[PDB]
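Read the structure below first, then the notes.
Please treat every number below as a calculation from the coordinates, not as lab data. Cβ sites come from the backbone with ideal geometry, for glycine too, and all protein chains shown count toward neighbours.
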4 protein chains.
Amino acid sequence: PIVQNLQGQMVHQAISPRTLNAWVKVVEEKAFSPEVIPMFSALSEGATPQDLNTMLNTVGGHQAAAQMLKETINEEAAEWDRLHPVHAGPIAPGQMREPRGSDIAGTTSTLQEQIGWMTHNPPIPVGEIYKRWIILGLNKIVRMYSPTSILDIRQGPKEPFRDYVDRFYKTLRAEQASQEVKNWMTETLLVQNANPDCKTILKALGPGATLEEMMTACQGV
Amino acid sequence: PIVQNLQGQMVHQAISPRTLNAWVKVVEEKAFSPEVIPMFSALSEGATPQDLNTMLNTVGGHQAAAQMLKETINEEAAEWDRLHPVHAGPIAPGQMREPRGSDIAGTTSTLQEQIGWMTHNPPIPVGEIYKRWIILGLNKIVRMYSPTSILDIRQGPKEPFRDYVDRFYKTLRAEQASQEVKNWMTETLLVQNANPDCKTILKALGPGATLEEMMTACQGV
Amino acid sequence: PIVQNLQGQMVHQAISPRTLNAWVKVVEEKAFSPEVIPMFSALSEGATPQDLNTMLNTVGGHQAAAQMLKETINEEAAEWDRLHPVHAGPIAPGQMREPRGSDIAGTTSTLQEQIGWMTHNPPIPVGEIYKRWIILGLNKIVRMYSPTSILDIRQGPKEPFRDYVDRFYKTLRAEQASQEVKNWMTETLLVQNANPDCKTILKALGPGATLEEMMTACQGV
Amino acid sequence: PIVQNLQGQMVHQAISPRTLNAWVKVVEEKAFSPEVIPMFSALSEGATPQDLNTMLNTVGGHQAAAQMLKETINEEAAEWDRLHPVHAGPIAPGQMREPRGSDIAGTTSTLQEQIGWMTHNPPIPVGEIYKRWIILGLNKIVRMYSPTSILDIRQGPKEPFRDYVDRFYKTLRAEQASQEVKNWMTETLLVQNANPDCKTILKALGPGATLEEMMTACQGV
Ligand SMILES: O=P(O)(O)O[C@H]1[C@H](OP(=O)(O)O)[C@@H](OP(=O)(O)O)[C@H](OP(=O)(O)O)[C@@H](OP(=O)(O)O)[C@H]1OP(=O)(O)O
Ligand SMILES: O=P(O)(O)O[C@H]1[C@H](OP(=O)(O)O)[C@@H](OP(=O)(O)O)[C@H](OP(=O)(O)O)[C@@H](OP(=O)(O)O)[C@H]1OP(=O)(O)O
């Protein structure tokens, strides 16, 4: 991340060892469950591309996931280069140059360049964009590692309704379908795959019932 | 949160990555149990509205809970605007303006505005009010996610009395009934739903026995 | 329909009794299956609004379906009136007036008016629009009368794959989901609900396999 | 189709509603069995491309079959354009222009153009060629929808020989193998897959026995 020294200057600060160890635990203990994605977003808060690559080195041990991440990052960098062509001409002395795809990801750039790019009025977030590419890669990995399809999430005969809803929504978050498809799933498949008692109650509740009403009517069933 | 620099000026400090990761773990691992509410109150201690929105982004993955939170926040903001009309007239140069409902929640305000609003003599807490709205939303979510009714909390035939009391009071905290209703529950339903031996002992103890006496008389039963 | 007399003039021709009897058989024998919709479209080919109302009189015996049709027609007529306001001013002697919502459906118009409206260069199809409203109503009825959800269409242990595909697509046509949802269904649910042998083969076939390849690989299984 | 008016002029006549309904019944009730192909050829006798598209609208409900038909028609139109290049130069006033691939199928042409093209001395059949393309598409669909391979057509232990022959030849018509392969099938596989008594009789009959002799020798077996 970026901090301020006693002179009021922006200086890069390395990720603390225990934050890196928390990220390592997340990678090595959660088997790329969907919750890995928010946690990363919390653990890389306000990070620099060098810090993001340091965090990615933990994923580098997982060869398949690391390869998927590298493919996603390369594709995003190519798209960024395509959408941000290198302008030919004079550059203002007070304005910094435009980083390339290999520079925003920190493969070739230096620390001072990223510090200057991130701290500006208005700021151009390179760390945030690299983080978004990382999150895209992580979402792909979570989809790859999902053990069950949403069509296979069925409420158990004695399973409480809240646990079934939690499993259903966790699987839905893992699968990352289209928004309309997700809405159709939450409206139809959740009722369809419930156990007979909750299914009867939800059918009696009618279409268009909110999730709160559904969980209320099935609370102790 | 807000800290003081070497110049004695109030400056916003971002939430540390491990605090955000602790909040992420709370959201993603505790299934909106009642204890999520104190923990949030601990983890957002002295926070700014921007920090509170950063913490809410973790809840944003949970679509139903996020929608309930957004509804509660919008209702609270509308009530705040209704109870705090925008005064038309001159404003003192030394007195800051009054934030609106979309400004206290940090949807439209800036960091410097919130820093100035929170640090004053006397202070007007915007972060605390936003936190209270968040806690209202979280209480609604905990009520929604409660798996069992208080009427269904019954002591097991071999369950120790202290565990039954703990489950009963946890469910009572989840349900959030009216204060008189809660008092009636703790006075009558706790005795009513106990197992036969503890029920006999508590009936012999008589009405109006304190919880300490009840747990004493049933300690090893 | 409309025919030409020996004088070269457009004259309305009534629907033949056996065409009406075919429509009656479709209504009374097919229980509003999806195939009722193409057949109607074939049987009302080039029809006038009076003819369409004559055909609807067969549906009028089915009270619920007739009420749904009347609701759909009234809604479509109201939308047509909203989108086609009655212009105030002179009307060309050679140009016919604009029919209203109650006039295109033939509730108040006469035969000569519809004959003149339909036969023009360029023609303004009133019979076709009324037919489209009828088809909307019929689609609603078919959705209402569908006996099974698409989620409940599962291949039998000894059922041939082509029959399962036919049932699946018939149910999909009955349900009339959104196009993206329909694509998701045909891509995922068809494989998901197949019997174990065909399911194994289709999983080996991989995602993105065309329906022809799927039916080929499962032909005799 | 095309009829003659009282003035001796060729005028297009629309397909009667009951012919269209017969075609709809064929499409929706026969599951693309091989007999759908002769029936279509009977029902579209002397039809125009606009009429053929009207008949295809019934198939348009069957999404996979409609897509296969559209692919076949587009391929045939491309081949027709390749084999019939647009000549650059003068055109005789008494000779009509050459329709393109999108014009013979009636996607862009008009009714009068097709009427003039079809009625000529000598006539250039555009409806017949479009019908042949439709029949190619339908043959592809029938091959796709065939439930059993010809190798899986085996005479039942008590099945009469004529029924086995009928099933065998129906499957052979569905599969549409090469002519030499079809001859090999009818000569060898029919005897190979018969039940033991008929198989013994046919083996005694010898190679090169005609189908009439085979059905005679196995009539009551
Ligand atoms: O979410 P928190 O409540 O802040 O939990 C943390 C977390 O512990 P867990 O993830 O095991 O719950 C830290 O683990 P790290 O991933 O950073 O390693 C751990 O730090 P240690 O690594 O040093 O164990 C720390 O424990 P400590 O209090 O000893 O600093 C502990 O905080 P709490 O103990 O306050 O829960
Ligand atoms: O092959 P055909 O003997 O001429 O059969 C037709 C055919 O009936 P089926 O296909 O049910 O055997 C017609 O059905 P369409 O497909 O044209 O609808 C039907 O006409 P309807 O639709 O009006 O039932 C007509 O019956 P009708 O005699 O009432 O005209 C009937 O002819 P036959 O009754 O002479 O068999």
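Among the residues examined, residue A:146 qualifies as surrounded by 17 or more Cβ atoms within 10 Å (Cβ to Cβ) and under 20 Å from the mean Cα position of the chain (by Cα). Scanning the range D:161-210 for residues that are surrounded by 13 or more Cβ atoms within 10 Å (Cβ to Cβ), under 29 Å from the mean Cα position of the chain (by Cα) and among the basic types (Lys, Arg) returns D:167, D:170, D:173, D:182.
Tallying residues that are in contact with a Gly (Cβ under 9 Å, 6 or more places away or on another chain) and within 14 Å of chain B (Cβ to nearest Cβ) within the range A:183-221 yields 1.
Please specify each residue of the range A:17-39 satisfying the condition of being under 14 Å from the mean Cα position of the chain (by Cα) and on the phi > 0 side of the Ramachandran plot. Matches in the range A:17-39: A:32 only. Candidates are the residues of the range B:120-131 that are in contact (Cβ under 8 Å) with a residue 24 or more places away in the chain and assigned to a helix (DSSP H, G or I); the one that is farthest from the other protein chains (Cβ to nearest Cβ) is B:129.
Summed over the range D:1-16, residues that are farther than 23 Å from residue C:27 by Cβ, small (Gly, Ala, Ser) and surrounded by 14 or more Cβ atoms within 10 Å (Cβ to Cβ) total 1. Considering only the range D:40-63, I want to know if a residue exists there that is under 16 Å from the mean Cα position of the chain (by Cα), loosely packed, with under 15 Cβ neighbours inside 10 Å and under 30 Å from residue C:186 (Cβ atoms). No, that holds for no residue.
Restricting the search to the range D:1-50, which residues are within 11 Å of ligand 2 (Cβ to nearest atom) and part of a loop (DSSP other than H, G, I, E, B)? D:16, the sole residue that qualifies. Within the range B:127-182, being touching a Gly at 6+ places or on another chain (Cβ under 9 Å) and within 19 Å of residue A:220 (Cα to Cα) holds for B:147, B:148, B:149, B:151, B:152, B:164.
One residue alone among D:109, D:102 is hydroxyl-bearing (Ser, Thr, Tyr) and in a helix (DSSP H, G or I), and that residue is D:102.
Listed here are the residues, each with its yes/no results for (1) within 12 Å of another protein chain (Cβ to nearest Cβ); (2) in contact with a helix residue (DSSP H, G or I) (Cβ under 7 Å, 6 or more places away or on another chain); (3) aliphatic (A, V, I, L, M); (4) without any contact (Cβ under 8 Å) to a residue 60 or more places away in the chain.
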site: C:135; (1), (2), (3), (4): yes, yes, yes, no
site: C:139; (1), (2), (3), (4): yes, yes, no, no
site: C:145; (1), (2), (3), (4): no, no, no, no
site: C:150; (1), (2), (3), (4): yes, yes, yes, yes
site: C:157; (1), (2), (3), (4): no, no, no, yes
site: C:161; (1), (2), (3), (4): yes, yes, no, no
site: C:168; (1), (2), (3), (4): yes, yes, no, yes
site: C:173; (1), (2), (3), (4): yes, no, no, no
site: C:178; (1), (2), (3), (4): yes, yes, no, yes
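Condition check ((1) buried (at least 17 other Cβ atoms within 10 Å of the Cβ); (2) within 28 Å of residue B:13 (Cβ to Cβ); (3) of a type outside the set (D, E, K, R)) across all residues:
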| site | (1), (2), (3) |
| --- | --- |
| A:36 | yes, yes, yes |
| A:71 | no, no, no |
| A:83 | no, no, yes |
| A:93 | no, no, yes |
| A:112 | no, yes, yes |
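For residue D:11, the test of being within 11 Å of another protein chain (Cβ to nearest Cβ) and either within 16 Å of ligand 1 (Cβ to nearest atom) or within 23 Å of the chain's Cα centre (by Cα) (or both) is failed.
The residues listed here are D:65, D:77, D:22; of these, the one that is in contact with a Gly (Cβ under 9 Å, 6 or more places away or on another chain), within 11 Å of another protein chain (Cβ to nearest Cβ) and of a type in the set (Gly, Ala, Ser) is D:65. In the range C:15-30, the residues that are more than 12 Å from residue D:17 (Cβ to Cβ) reach residues that are away from ligand 1 (no atom under 16 Å from the Cβ) and among the hydroxyl-bearing types (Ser, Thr, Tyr) with C-beta atoms within less than 9 angstrom, at least six apart or across chains, in these pairs: C:24/C:58; C:27/C:58; C:28/C:58.
The set of residues in the range D:17-34 being of a type in the set (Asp, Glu) and either surrounded by fewer than 17 Cβ atoms within 10 Å (Cβ to Cβ) or within 16 Å of ligand 1 (Cβ to nearest atom) (or both) consists of D:29 alone. For the range B:36-45, does any single residue satisfy the condition of being more than 10 Å from every other protein chain (Cβ to nearest Cβ) and over 30 Å from residue B:149 (Cα atoms)? Yes, the conditions are met somewhere in the range B:36-45. Is it the case that the range A:87-100 has a residue that's within 21 Å of residue A:135 (Cα to Cα) and hydrophobic (A, V, I, L, M, F, W, C)? There is no residue in the range A:87-100 that is within 21 Å of residue A:135 (Cα to Cα) and hydrophobic (A, V, I, L, M, F, W, C). For residue A:53, the conditions (1) more than 13 Å from chain B (Cβ to nearest Cβ); (2) within 21 Å of residue A:146 (Cβ to Cβ); (3) among the polar types (S, T, N, Q) are fulfilled apart from (2). When the range D:64-86 is filtered for residues that are farther than 12 Å from residue D:106 by Cα, more than 16 Å from the chain's Cα centre (by Cα) and of a type in the set (A, V, I, L, M, F, W, C), the ones remaining, listed by number, are D:64, D:78, D:80, D:83, D:86.
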